[PDB]
Structure formats: C-alpha cells, structure tokens
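The chain contents come next:
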Amino acid sequence: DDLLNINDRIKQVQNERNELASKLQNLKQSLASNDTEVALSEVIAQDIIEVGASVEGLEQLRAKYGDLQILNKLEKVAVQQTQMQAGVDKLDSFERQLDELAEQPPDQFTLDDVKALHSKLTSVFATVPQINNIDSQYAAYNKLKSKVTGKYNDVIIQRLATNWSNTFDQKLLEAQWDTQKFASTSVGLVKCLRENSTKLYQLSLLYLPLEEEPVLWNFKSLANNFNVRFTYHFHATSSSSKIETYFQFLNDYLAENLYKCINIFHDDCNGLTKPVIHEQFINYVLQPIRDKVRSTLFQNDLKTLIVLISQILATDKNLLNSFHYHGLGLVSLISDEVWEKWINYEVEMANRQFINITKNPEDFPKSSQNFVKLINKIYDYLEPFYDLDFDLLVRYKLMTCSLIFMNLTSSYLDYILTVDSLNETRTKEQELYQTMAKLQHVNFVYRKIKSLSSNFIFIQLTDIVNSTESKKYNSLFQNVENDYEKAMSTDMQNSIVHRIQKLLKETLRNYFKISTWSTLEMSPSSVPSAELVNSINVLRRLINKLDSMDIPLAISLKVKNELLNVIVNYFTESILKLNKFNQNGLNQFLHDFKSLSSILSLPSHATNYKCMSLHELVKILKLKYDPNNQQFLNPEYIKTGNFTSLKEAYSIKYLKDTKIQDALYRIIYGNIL
C-alpha cells in the first residue's frame, strides 16, 4: 500500500545518491581544470564546495589557504551575484512601496517627496554593477528593473504631473498672460507663475527613461492657453487649405507672445534658459496643431495623404526660417506607419505614370524625353523630403531610391529591350533604324542617371549605405548603370552590326556574280564596279543615320570597326578567293573595296588589322607583275615556309605567314592571270 511508495522512495534515494555523487566528482574535476595555478588540494576543493557560493565564505577560505587565484575567479563571480540578487530584493521592496503610494492622492505629494523616491530608485540601480554576461540571471533582474521603472513613471511622475499641470494651466487661464490683459506690473504674479513652471519643469525631469526626450509638463501648461484658443477656433476638420491658416495664427501668436514667455518664465539658475523657453515653447505650442493635422490625416484619402505630407514639409521648412526653431517641426506628427503608406502610394504613382508614357507604340519616339521628364517631376516632388535632416526617416530615403528611381530606370531599360513600334508589316531597314533609335534612347536615359548620381543627396545616401554595411559602392546607381552599359555595349551594338551586315549582304547579290575579274583591261578616271553602286548607297544611307544618333563615341566606333572587318572578310573570301584576277581587275578590286569601306568613315590613318592585311595580301598577289622580285615565285621558296625576304621587301607587317604562302600558291597555280 504505502509500502509501495516506500519501496519507490528507497529506489529514488539510491539514484539521487549516485547523481549527487558523480555530479560532485565532475565538479571537483572542473575546479581542477579551471585552476591553472595548481594550488588546490582535496580538502580545500571540498571546502570550496561546502561554502563557496557566498562571498563571506570565500573570504574565510582565504583567511585560511591564502590568496588563491581560483578563489578570486569565484569571489568576483560571487560578489556579482550577491548584489544582483540584492538588487532584485530592493526593487521588489520598491514595487511594493509604489503600489501603496498609488493610493495616496496626488495632492499629498511634494516636489521633495518625489525627489526622494527618485533618489532612492536611482540608488538601487547603482547597487547592481553593469556586467555583460550574455543573459545571466541578469535578464531576470533587467525585466524587473524595467517593470518598476514603468510603475514609477506612471503612478508617480505622470499622475502627479497631469494633476499639477491642470492646476497650473487654470492659473494661466485666469492670469490670461498671453494677452494684453496681463497684469505684468503685479510682479507678485510673475514670480508665482515661473515658480510654478519651474516646480513642474523639475518634476518633469524626475522621469527615469527605460533602458534599451521626457515630457515637459511645465511647457504643456504654457501652450495650453494657445491650445484652448486653437481648438475652439479651428473646430471643423483640418483642411489642406487650412494648414496654412494654422501657422498664420501661430506666427501671429508667437510674434506677439514668444518673448513675453521667454521673459516671464526664464529661471536660469534652475535650468530654464531663455534659448530653452524660446525653443521648447514653440515645440509645445506646435502640439495642438500636430494633433489637428495628425487627426485629419488618417481619417482622409490616400490622394490627400500625398498632398498633406508635402504641405507639412513645405510648411515646416517655413517655420525653420521664420523663428529659427531647431526643435521638432510638425514633421514628427507623421507616424512611422503613415510614412510607409506614403512610399507605397508614391511607388504606385511612379509605376502608374511610367505606363502612361510607354503604353503604346506611338509613345516610343519621345519616351526618353518623357521618361527623364517623369524622373524629374518625381524628384522635384521629393525635394522637400530629402531636405529633412533627422536620420530617423533615412530608411525611407533609401527606399525612395530603390523602389522608385532604380526600379523606374531599369523598368525603362526593360521597356526598350522588349518593344516594337513598327507596323505589323515592316522593312529590314525600318527595323535597323528602330534599333539605332533604341540605342539613342538608352544612352540618353543613361546620361540622366549618371547626372542624377552627382546630386549631393545621393552622394551622401551612398556614403551612408557604404559605412552602414562596410561596403564601397561608387553610387546607389552603380548596378542599373552597369545594366545600361552592357545593354549598349553588347546587346544593341551587336544587333546594329548584325542587322547592317544582313542588309549589306542582300545588296551584294550581283556584285558577287561579276565575272569580269579575269578579262577586263582598265584602259584615267576610274569608277567603282557598277554592281557595287547600290551597296554604296545603302551603306552610305545607314551610316548617315548612325552618325545622326546621339550614341556614345566608343560604340559608334566599335560598330563601324566591326563592320569594316566584316566588309573585309567579304571581299577576301567571297570575291578574291573564288575568282581569277588580272592586273587591271586586281586594282578594280581595291578600288571597289576602298570605295565601299570608306563610307564607314572611320578616323583617317587609324589602323584596322584586317583591313591592312587585305592590302598586303593584294600586294603579294601582284608579285606576278613585278620583274625585280619575280624570284619569290619559285616552288622551292614557297614550300620552304620562310618568308623574311618578301616581308622586308614588301613591308608586310600583318599578313600571317600561313596566308602569305597560299597567296603565292594562288599565283603559281595560275589563279592570277
């Protein structure tokens, strides 16, 4: 029955004995290891284990076995716990005292009574030494500290403050101090007044901020008369056109009271400096306004949100210069969540507009213009934002970049890479021009970005991003700038080249069929082969279009160069290699070649490898018409493979040896009549 229980407790004890046993062994082994000094015995180790969590204990274990470097490493840890636990004990005794004072009505307290409580609470906080042992028994103490601090500010600082603040703004209404009806000559009042603002100001400062700024009740009261008047007069909801009326009453109110206050309540000896009052008074007089706006805001449209924010910004810079107030403008009225809604609604606005200027093929020809115009419009709008200095909303400044300018920009590169404004039916040439047009479009928007990146606003936002995450970007536009660069440098540039090559090939159909090459005898004003005339016209035409496009110089040149190589390959393989030539025809060739390739209009005396090699090749072929050197035409020399006599003789610097041999061979085998 109960013996079953007893049978079990026996088994328990037999186990618990073993646990405590081996746990005590593993421990002794730990005190050994953590003892680099090697001064521990068995008896001492045991004594440590008997009285080794108490500071008083460890101390006596020093009165005995001297100053062991392991006892220290324990006592430090010991004292650090005995206090932290002493802290929690004090806090708890305080929570209680508060809980009971939460009953005592706010009138029965004195500035002192509060002062005492504040000293006593900071005194407790000072007991506990700040240690950085990740989540020690610390986390517990910390939660408690925070909790009692909370109660202290609520039940003591706030209750008392609201109360005295009310009693104090009653005297401020009666004394109607912010009007000419004020008995400034009384002098007895003036003292009672500032003595009250001070008494309240100092109580305000007894607020203890929570670990991981304070409300100035004396100022809440001073701005109350303005507040009563302001709320009554502006009864109806806050309108867009109304915000201006607010600041008007504000200016007038301040321009007539700002200094009355500065003089009536300044009590320097107690911290109430004139700059302070000048500063704070405006801060608190702005509150009743911040609330009207704040109120009307969220209880209003999204379309209005965008309007009401710019206006807030606008109106705020206006105050910055008016009374040169450095404090919080109305800027702070805009909640962190209200901002997030803005950027969203601002982004959707950008994308809406982007579409409107790119939704149809009719829009394509002026898209670059219109896109930069859109990018401008958006930045002008964001100018007031950006202008603001308090870094809190710096997170939204970076968003503004990425989700608007950056998206829109690459969103444009995408528009350009996937569009077609041409009719269902079209000509190869119309397509080439569209490509060239796209290159011009892309390069225009590319410049604008590059320009935009030299805007102080972004040079700094970048520095921020760069220090913030230890990276070294050249700009926040750097990626989209690479996107564009590549698009222009490969995608389009090659497209231009391939398309032109396609067009060119078509026009050479008849020039490829010429047979004359072996029978003509250039009888002297020469003219290019008749069948090459159309090719020259088209190419002249195509390149004129290219030179009229605002394309970067490096690309205009790569295209022209690539084309030159292509043209050279054509004449070398499709004409030279598949036909028999004779003195006269061999020059008609070079004339035709030059007549066509000189249209690319590359820089003069600028070397093109392939092009040079072609000339050198046509020269070595004329060796059949050169008596002074018709030595190099002996089968034995060709097969030899060493051409250093020829190279030097004909100044051949480009034609590779392999091609030089085939050249000769082409002569010897009679391909050159």
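The protein has the name Protein transport protein TIP20 in the PDB entry, where Saccharomyces cerevisiae is given as its organism. In its Function section, the UniProt entry covering the protein states "Required for protein transport between the Golgi and the endoplasmic reticulum. May contribute to tethering of coatomer-coated retrograde transport vesicles to the ER membrane through interaction with and stabilization of the SNARE complex." Looking at the Subcellular location heading of the UniProt record, one finds this comment for the protein: "Endoplasmic reticulum membrane".

Novice: How should the overall build of the protein be read in this particular structure?
Specialist: The number of helices and strands found in the protein is 27 helices and 0 strands. Its C-alpha atoms give the protein a radius of gyration of 45 Å, more than 25% over the compact-globule value 26 Å for 673 residues. Counting all 673 residues of the protein, 43% fall into the buried class. When the accessible surface of the protein is summed, it comes to about 37,000 Å², and 51% of that surface belongs to carbon and sulfur atoms. Within the protein, one finds 73 positive and 78 negative side-chain charges whose respective centroids are separated by 10 Å.

Novice: Is there a simple way to think about the side chain of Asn218 in this case?
Specialist: Looking at the element boundaries, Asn218 is found in helix α8 (residues 217-233). With sequence-adjacent residues up to four places away left out, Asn218 is seen in contact with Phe168, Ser197, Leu200, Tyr201, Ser204 and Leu272.

Novice: Before we go on, may I ask you to explain the nonpolar core in this structure?
Specialist: Inside soluble globular proteins, nonpolar side chains tend to come together where they are buried. Counting residues in hydrophobic clusters, the biggest one holds 188 residues, and the most contacted among them are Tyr152, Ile156, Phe281, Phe405, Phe458, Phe589 and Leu646. Counting 7 residues, the second largest nonpolar core, distinct from the first, contains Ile44, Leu61, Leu68 and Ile70.

Novice: Looking at this structure, I do not really get the packing of helix α13 (residues 336-356) against helix α14 (residues 367-382). What am I missing?
Specialist: Each pair of packed helices can be summarised by the angle the axes make with each other and by the distance between the axes. Two numbers describe how α13 lies on α14: the axes approach to 10 Å, and their chain directions differ by 160 degrees. Judged by the angle between their axes, α13 and α14 are roughly antiparallel. The two elements α13 and α14 meet at a crossing, and its hand is right-handed. For the pair formed by α13 and α14, the contact residues are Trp342, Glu346, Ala350, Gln353 and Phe354 on the first element and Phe371, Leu374, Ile378, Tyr381 and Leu382 on the second. The residue inventory of the contact of α13 with α14, partitioned by class, reads 8 nonpolar, 1 polar and 1 charged.

Novice: Looking at this model, I keep getting lost on helix α18 (residues 456-468). Mind explaining?
Specialist: Each α-helix winds once per 3.6 residues, and so residues spaced three or four apart point in a common direction. Under the 1.5 Å per step criterion, the end-to-end length of α18 is 18 Å for 13 residues, consistent within 8% with the ideal 18 Å. Taken as a whole, α18 has its buried residues at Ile457, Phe458, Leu461, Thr462, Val465 and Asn466. Buried residues of α18, viewed axially, fall in a sector of 165 degrees; they line one side. Opposite the buried face of α18, at more than 90 degrees from it, the exposed residues are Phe456 and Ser467. Turning to α18, the residues buried within the fold contact α14, α15 (384-387), α16 (395-417) and α17 (428-452).

Novice: What's the story with the packing of helix α9 (residues 240-265) against helix α10 (residues 274-285) in this structure? I'm lost.
Specialist: Across the interface, α9 lies against α10 with an axial gap of 9 Å and an inter-helix angle of 140 degrees. The angle between α9 and α10 places the two elements in the oblique class. Relative to α10, the crossing made by α9 is right-handed. Contacts between α9 and α10 involve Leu250, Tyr253, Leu254, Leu258, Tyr259, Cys261, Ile262 and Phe265 from the former and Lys274, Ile277, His278, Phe281, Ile282 and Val285 from the latter. Residues of the contact of α9 with α10, tallied by class, amount to 12 nonpolar, 1 polar and 1 charged.

Novice: Teacher, can you tell me more about unusual backbone geometry here?
Specialist: Outside of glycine, negative phi angles account for most residues, and trans bonds account for most peptide bonds. Even without a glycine there, the phi angle at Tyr386 is positive, about 70 degrees. The backbone of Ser601 sits at a positive phi, close to 60 degrees, despite the residue not being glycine.

Novice: Teacher, can you tell me more about the domain arrangement of the protein here?
Specialist: As a measure of interface size, the accessible area lost when the parts come together is often cited. Entries for the protein in the domain assignment read domain 1 (1-184), domain 2 (185-301), domain 3 (302-475), domain 4 (476-606) and domain 5 (607-673). Relative to domain 5, the C-alpha centre of domain 2 lies at a distance of 98 Å.

Novice: Please clarify how the packing of aromatic side chains should be interpreted in this entry.
Specialist: Two descriptors summarise a pair of aromatic rings, namely the distance from one centre to the other and the angle between the planes of the rings. Applying the stated criterion across every chain, the model contains 39 aromatic pairs. Look at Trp339 and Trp342: their rings are 5.4 Å apart centre to centre, the planes differ by 70 degrees, and that puts the pair in the edge-to-face class. One end of the pair, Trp339, and the other, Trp342, are both in helix α13, 3 residues apart, so they sit about a helical turn from each other. Grouping residues by exposure puts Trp339 and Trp342 together as buried. Residues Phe632 and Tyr637 carry aromatic rings whose centres are separated by 5.1 Å and whose planes lie at 35 degrees to one another, so their mutual orientation is tilted. Looking at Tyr637, the relative accessible area reads 13%, which means it is buried. Three or more aromatic residues joined by ring pairs make a cluster, and in this case those are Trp339, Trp342, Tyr379, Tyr381, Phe385, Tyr386, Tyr396, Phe405, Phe458 and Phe477. Over the ring of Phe125 we find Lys145, and its NZ or CZ is 4.5 Å from the ring centre. We note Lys619 situated over the ring of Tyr650; from NZ or CZ to the ring centre the distance is 5.3 Å.

Conventions adopted
Within each chain the numbering goes from 1 in written sequence order, not necessarily matching the entry, and residues lacking coordinates are not shown. Values shown for side chains rest on all heavy atoms present in the structure; no hydrogens or waters enter the calculation. UniProt positions are given in the numbering used here, feature names are shortened, and annotations may be inferred rather than shown by experiment. Labels follow the DSSP assignment, with helices taken as runs of H or I lasting at least four residues and strands as runs of E lasting at least two, numbered in each case from the N terminus. With C-alpha atoms as the basis for the radius of gyration, the globule rule is written as 2.2 Å multiplied by the number of residues raised to the power 0.38. With a 1.4 Å probe rolled over the protein chains alone, any residue whose accessible area is under 20% of its type maximum counts as buried; one over 50% counts as exposed, and the rest are partly exposed. We get accessible surface area from the Shrake-Rupley algorithm with a probe of 1.4 Å; when it comes to residues, only the shown protein chains can shield them. Counted as positive: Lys and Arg. Counted as negative: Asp and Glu. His and the chain ends are not counted at all. Charged groups are reduced to one reference atom each: NZ for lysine, CZ for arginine, CG for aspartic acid, CD for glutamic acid. Contact between two residues is taken to exist if any of their heavy atoms lie within 4.5 Å; hydrogens are not considered. In this description, a nonpolar core means a group of buried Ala, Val, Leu, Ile, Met, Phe, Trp, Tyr and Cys residues linked to one another through side-chain atoms lying within 4.5 Å. Under this scheme, a helix contributes an axis fitted over its contacting stretch, all axes are lines through C-alpha atoms, and angles between N-to-C directions fall in the 0 to 180 degree range. Angle categories: roughly parallel below 35 degrees, roughly antiparallel above 145, roughly perpendicular from 65 to 115, and oblique for all the rest. By the definition used in this description, the sense in which the near helix is turned from the far one sets the handedness, with an anticlockwise turn below a right angle giving left-handed and a clockwise turn giving right-handed. Under the scheme applied, nonpolar residues are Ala, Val, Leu, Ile, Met, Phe, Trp, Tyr, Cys and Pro; charged residues are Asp, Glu, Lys and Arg; polar residues are all the others, including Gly. Helix span, expected: 1.5 Å multiplied by one less than the number of residues in the helix. Each C-beta atom gives one direction from the helix axis, and the arc is the one those directions make. Note that the domain bounds were set by an automatic or database domain assignment. Only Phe, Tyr and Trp rings are paired, with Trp represented by its six-membered ring, and only when their centres lie within 6.5 Å; those with planes under 30 degrees apart are stacked, over 60 edge-to-face, the remainder tilted. Only when the NZ atom of a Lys or the CZ atom of an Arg is both within 6 Å of the ring centre and within 35 degrees of the ring normal do we say a charge sits over the ring.

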